[PDB]
Amino acid sequence: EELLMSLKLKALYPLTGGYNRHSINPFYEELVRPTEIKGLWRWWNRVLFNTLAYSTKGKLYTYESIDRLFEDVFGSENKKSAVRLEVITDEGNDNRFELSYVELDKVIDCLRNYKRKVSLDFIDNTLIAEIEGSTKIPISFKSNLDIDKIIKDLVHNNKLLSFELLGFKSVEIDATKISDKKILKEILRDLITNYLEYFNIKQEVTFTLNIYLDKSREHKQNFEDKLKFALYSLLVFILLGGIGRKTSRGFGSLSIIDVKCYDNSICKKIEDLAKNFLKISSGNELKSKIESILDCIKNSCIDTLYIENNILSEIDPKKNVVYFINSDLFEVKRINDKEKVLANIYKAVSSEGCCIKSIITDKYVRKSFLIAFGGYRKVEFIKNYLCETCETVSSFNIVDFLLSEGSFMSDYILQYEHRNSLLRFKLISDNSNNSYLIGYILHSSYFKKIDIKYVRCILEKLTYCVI
Amino acid sequence: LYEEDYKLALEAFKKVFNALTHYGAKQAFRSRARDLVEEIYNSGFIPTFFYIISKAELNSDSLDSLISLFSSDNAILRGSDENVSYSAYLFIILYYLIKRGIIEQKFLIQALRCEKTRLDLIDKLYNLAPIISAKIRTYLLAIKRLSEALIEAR
Amino acid sequence: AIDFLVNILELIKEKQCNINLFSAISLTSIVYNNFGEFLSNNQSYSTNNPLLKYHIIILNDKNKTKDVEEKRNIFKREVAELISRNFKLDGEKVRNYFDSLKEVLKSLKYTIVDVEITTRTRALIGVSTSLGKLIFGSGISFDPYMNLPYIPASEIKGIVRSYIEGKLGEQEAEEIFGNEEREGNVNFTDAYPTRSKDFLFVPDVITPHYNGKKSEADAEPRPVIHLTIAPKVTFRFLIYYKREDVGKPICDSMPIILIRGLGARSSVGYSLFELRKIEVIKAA
Amino acid sequence: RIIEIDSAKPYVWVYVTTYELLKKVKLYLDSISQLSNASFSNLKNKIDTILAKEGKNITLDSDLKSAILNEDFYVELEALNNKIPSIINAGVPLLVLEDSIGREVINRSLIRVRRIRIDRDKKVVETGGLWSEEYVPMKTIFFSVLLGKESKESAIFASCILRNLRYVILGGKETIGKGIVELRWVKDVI
Amino acid sequence: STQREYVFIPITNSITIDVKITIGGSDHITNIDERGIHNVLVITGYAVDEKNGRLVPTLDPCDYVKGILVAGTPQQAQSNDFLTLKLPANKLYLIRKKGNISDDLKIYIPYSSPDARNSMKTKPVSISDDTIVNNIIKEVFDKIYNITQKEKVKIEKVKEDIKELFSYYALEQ
Amino acid sequence: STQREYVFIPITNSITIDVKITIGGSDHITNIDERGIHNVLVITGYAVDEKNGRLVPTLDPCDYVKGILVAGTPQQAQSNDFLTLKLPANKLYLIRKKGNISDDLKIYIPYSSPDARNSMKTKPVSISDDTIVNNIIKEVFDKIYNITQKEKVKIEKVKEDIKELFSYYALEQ
Amino acid sequence: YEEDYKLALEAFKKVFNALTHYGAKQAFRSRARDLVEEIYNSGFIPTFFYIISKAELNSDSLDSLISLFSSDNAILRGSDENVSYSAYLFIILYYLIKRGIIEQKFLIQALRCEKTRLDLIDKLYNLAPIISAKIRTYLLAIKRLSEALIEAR
Amino acid sequence: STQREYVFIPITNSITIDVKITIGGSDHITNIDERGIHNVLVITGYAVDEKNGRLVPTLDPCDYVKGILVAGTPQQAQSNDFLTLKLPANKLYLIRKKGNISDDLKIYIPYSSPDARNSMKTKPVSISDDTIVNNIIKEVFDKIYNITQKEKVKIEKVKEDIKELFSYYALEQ
Amino acid sequence: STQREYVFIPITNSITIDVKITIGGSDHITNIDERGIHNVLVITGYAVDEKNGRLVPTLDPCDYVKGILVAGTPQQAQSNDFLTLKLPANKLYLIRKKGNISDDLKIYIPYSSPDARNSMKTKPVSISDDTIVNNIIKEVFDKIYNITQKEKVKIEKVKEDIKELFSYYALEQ
């Protein structure tokens, strides 16, 4: 085993998490999880492979088949991975979260024999334990967590961060039977810690991702072109996605800083496409480079040399959903400052978001556009815009939808809580104090067939309005 | 009349085999039998037993299915391939406990369906622990062999 | 007795590091797997058992079942945190054990190599072994009589041999580690932790979304709380042999094989270690 | 391994024996007194003092009321007349359980470790490459006797060899560190 | 670039006149940063001396020397009989890795004669005799690092961990 | 004293004329006795070159080259560039020891200063391509051991010893 | 009578011919040296469960056995151990058929169902103290034949 | 329901034409994938007298015959002595199953009279004389599966597999 | 394909030169490893016409010819009335194996017509008379055997193998 490559990267406002959905816990701090990098690499590899296999053959393969194919580099239950990931960072020493003291002996007395809610809130750098039963108390505390006002108002202004905070700030407490004080101290300190750790949100997180290669898995039949496709998908991932949660909304976005390689015979073109991003002049140049690298997979002097194997399996479009890149819905815009961008992305994906009530300007139509794209919505007509066989005014026709009759795609689009957002957003930079939002829309294998540049009009109206 | 460990294993495995309709249920039950014995040795019978009860995801119709299996032999274990596998290995252990006369069927059922009786079932198992740990692992080894003989891998 | 059970978390947190962690977790698992029953007015009515805190809090009212399930998830996380903070490492018994063992081996005229290594990343040794398996699903290779996690000598020997036959062929290995017709010339003891920084165990999670899935229409995260070995924990083991030959291949093998994994999930950088110290005591 | 509440000094593990095992020790001792004109009735007195209590779980070097042994057996103990000495000659307690429970306890008291063999190329586990092994814990105590007929070789053996023989390697798995043993002769140090 | 000075840690007085620019720059590699020593370089196949004490090449992979890694030159009176070399900053065996080194390096380890007259009979020796520790403490960590006895008071932990962290194989010939 | 010098065995060629005597003195302690190459030494922490093949010390312990210990001195025109190591023949890191040794050695190793210009991105490399080993054996194993092709029918057992037993690291630059 | 050595010769012929890979032959030799002693010590039904566990009677090795009954050219396919255990199971079932302990008609519609295979095992449980005393010398002969003919690996 | 037609491996030349279409579609279950004849349907209890080779419906379980399951019809020419069937295509007894199955099927069995004029004494037989299998790879396995001799380059495996995997029962009446 | 020439070891001088190839390449069939002549050929079922032996055919199994097989060809100026075979080297005998079965050989046998003029009574001919061993050690084991006496201090150690390794039946008429 020896080093394959090493990618000095950088994450922008990442929201990681382990065993407690925060990036910090009483025992260690973990900003970048190599497990998440591996998983997102594999997911982007499947997306990219379906992109290629649908361009060149108009066919789509199940995820199980694709990673069964890539077993010889990514590994499975039958074979150990050949790529060993790493994540190194500054301050990789002891950096846990300690809550030295918290003065809450009073709110306890306010919670005697009362069935009452206890909400938390930062109120002008002072946190308040707002008891819903008409009470507020300025709790005091000390912690090695130095939360700056920048982070506090980043969470307050971003209407999506303030939404995923509804589950780290509030505890219902029933002391009506009886309640000791030493037990409410424990409950409230748990609440305080779950709230405080939510604000460990760093920025400019910079980490060196190493890749080691199992030499013993040398070229058996197609190891080399598989591994090369895998490195290309690693590039695609680093360029379109991010680590952590809410990467479909800009957070955790990644940015190349330096890519030193150590085996050119595997990595030459990869390092080249990487170093092309070390400095980007302006918007459309970056757009051109994104397109050049998206289609270097499809139409350059090498595209594939292994799809001619029958390990794969075609999707059953009545059963399966698969994502893939369209390589034409990739509007880019420069932003000049990143926090307000993230604060505004909520306007671009909210039903009553003032940046969408301007682009579509219709009820029951924004709703359909946001139920089809934009991840799982909570639906309370509209499906008339979501049929398979019915009036196509705005083409949001799902493959196997049928009126007043549920099928697999029907439940999946309306009631399936874990459904990524096709409309995604990326914030990149190139070490020269310039940054370009990248908006795009992955193509799902449940869209019958969409009107591409109509949705592209929508997308560019978004990326121009969302700034 | 008295049935020894292997004959009781035969009867129990035979009553389970006909109830696991889907073959994935059977294969998950094979995977259960193949390692829950080493688990029972390393962690103790009572910890592992309540672990099995939990992983069976009862508190559904699965419970009356599991009690019906005791008598009907026309009954079917319903649930996911993990839930029914643990439910069937739980039936295995209950069948042993009942036939060896260690715990009565009525008490076991009522302890399995009632919040209250569960704790005294824990008490009773800590009472009866030597009588069980003496020989349950031979019967379960026979179950393991029957599973890895009558069912195949994934 | 049930009273040993409903008072076992108090025991973990008060008897810390002086309790039998194997039996402790084994008995805790009974509470964990009968949570809904241990909460129905059976908290022993004490005030320092974590079990009535789950009677103060309300997580749901439209479902007692969901109430119990969310409380149980919280309780699993809290058990992980309890074990990790309370069960610390006191490695005086291990230092004495290894000094006495090394004296024994000096009497038997062996040549001892005492190796000290340090965890750099949360390690996972024995992930399929039973410890916390009945709560977490994962485990740690735990010696219930030293009351510690340990690295088996078989594992270390297998990794050293895999490397040596990697870079010296499948024959010099069998010259050193023997085969079905010769005994090996190198002996390995298990490795035990002798000194940590703050923690010995550490909670962690793993959340497969797509592993073993067909499409996005069946994707779902399933998060797996478990325990790992904290960073900066220092293990030590011995290596003894009678011929002077085998001293050479093992020496240089030690620093190299450690920087790459020594446990589970090395592929995503978990069981990465660090040669802290090596030392060779020649006998005759 | 033991879990005990209601005890000042907490213990992780306790020595366990049965009355049956002590009966066999006493039987060996008697039988070798008959055939050797050499008695060890210090041991015999200690062991008979313990055996007098047969039929009830008892403790020797502690005040443990109850405990849970190998997390499956809840037992209640009685103290012994603390004139009973440290037969183990250590600071760890020693339970003597009645046989119908001490049997299960001692059997569950062994370490069953699972090993594997790895596919050198797949770097995964070979099929059928998974097995268990039983070990007996550290500091376990076994008792046996070494007998010798009259001879001039027997003299030098018992008087020079058996003096300088303290450590040996027993059994298998010597390369994964198992099998090291110390031999303490009753004659030398009871 | 950033040329480095590997000053190994022996027990004799060979750390007095060996360098010209012991100042380097804003970054060393070996650190003392309120945790102990960091990024200590371990080398193998080499055994120090103690009369003109430097590394002599040998091929017993059980020989090894540890030391510090700071930015400097070999006194400009040497590097004619030293080891200058350029490594890609991942083929360096750093014990107690804190961060990452800077993608390439220039190391000057003192490389004495192979000593073709005598025969190599290397002997392991560690660092003890607390005054032999303290004097080289005053000689190296006080000089190279503006940290010690200016940024730290608790370097007694350094005192008690250098006596074990550092060691080497030597000859005494 | 007893003179034996170390010949690299990478895939490439710097061998044909670089050493003087076919037998040298007493014996190639690296034997060829129907059981393959014995006493093949392994230098750890160096590497060799594709062309200009010599020993460049790469302080990474993960790099190594294996070779021979053949009696004799090269050409009387070098060793101002080669190393002279007088070892007691127990510090040698040998393989497949099938005999004993005179317990005092003097190894000439083809040395070279590593590089002062570019880094050393050394590559792990196998020994394969049966034409390469077939010309190597027809460069050393026949030109070194005159007991080949005269008794040694068992070359089919030494072929795989060359192929799998031997490996090295190379710079590629 | 001693016609059990003859029966062993016939069975060993069929097996020695149906194991095409010499590794399978050596593995059967190992099974032969071990399983007779294990039937002696641990009894029949335990060892029979052990054997049918490691023979993996899926649906295909099963038909190879039913054919090996009749066609003298049927082969056993699978892993060396996986076929050695199935060959030894064939040894057992062969003896049970020839000595008419159980009708071959029954034993045939058992190896094809998984629903009468458990009834086959039940029947063999009703007859274990008979079989245990009968097969002793037959399996001893099989073991002797295997040590005699097949090369020690 | 998709119709798959049944026909076995006889030794009398009653083999060639037993379905008017050869494939009649582009589906099959009796694969050939350089791993012998996959999914060989077996039907025990029926014996075949090769003189006008057809399964005689017996009630002896030991009398088995196993042949191919082609996709075809009775040519609408031999429909009197046949017996139709719609079955869930898992009530079969396939061998070396590689995947899922239609679970809906229509087969028509070569079916002779119950032979009430004699006692159906059964005769077991095997397959040898490799030309006996070659000429029937010709007789049917060309006019059924064009993947023979056109996509199969290692047909000798299918030769030994038809030789080993096929045996049957006759009456010799 | 591959050519191996086989010659009976006689009681005579009739084997020196009718064929050509002695060594051919870099591999022989029969080896000498201080163990014995390996992979010996003992063709069974034939005989020897005594006059300058020409191995006669017969149906007797008790009769056989023991002789050396080496990689060779009888320069194909022979076999105008002889036999010569090719088989996949699974149907060929060896003795005290040491080689790597080439999986296809083509052999050449001295032949004589089955001699209908009168009977051919094969009578036991054990190759005694060590002076014939000493004649054949130079008639075969140095010319077509490039390895005897080269490293061979094991001369008679394997000369003692002709009496206990070869013995045939000759007509003696």
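Per-chain numbering from 1; labels A, B, C, D, E, F, G, H and I assigned in written order.
Keep in mind that, in the parts below, contacts are C-beta pairs under 8 Å (C-beta built on N, C-alpha and C of every residue); 3 or more make two chains touch, one makes a residue touch a chain.
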Partner chains shared by subunit A and subunit H (touch criterion as defined above): none
Where subunit A and subunit F overlap in contact partners, by chain label: C, E
Copies subunit I and subunit F - interface residue numbers shared by over half, same or different: different
Where subunit D and subunit H are represented by their mean Cα positions, the distance between them in whole Å: 69
Chain centre separation (subunit F, subunit G; CA means) in Å: 57
Euclidean distance of C-alpha centroids - subunit B vs subunit D, Å: 35
Where subunit I touches two or more other chains, by residue: none
Residue list for subunit A, restricted to those that touch at least two other chains: 80, 94, 216, 262
Parts of subunit G lying in touch with subunit H, wherever the complex brings them together: 59-60, 63, 66-67, 70-75, 104-105, 108-109, 112
Touching residues on subunit H, where the partner in the complex is subunit G: 42, 44, 60-62, 64, 93, 95-96, 124, 126-128, 163-164, 167
Residue numbers on subunit C that touch subunit F, as the complex places them: 167-172, 175, 244-245, 248-249, 252, 255-256
Residue ranges of subunit E touching subunit F (in the complex, touch as defined): 43-45, 57-61, 63, 83-88, 91-93, 104, 107, 109, 114, 116, 118-122
Contact set on subunit A toward subunit D in their complex: 77-80, 214, 216-217
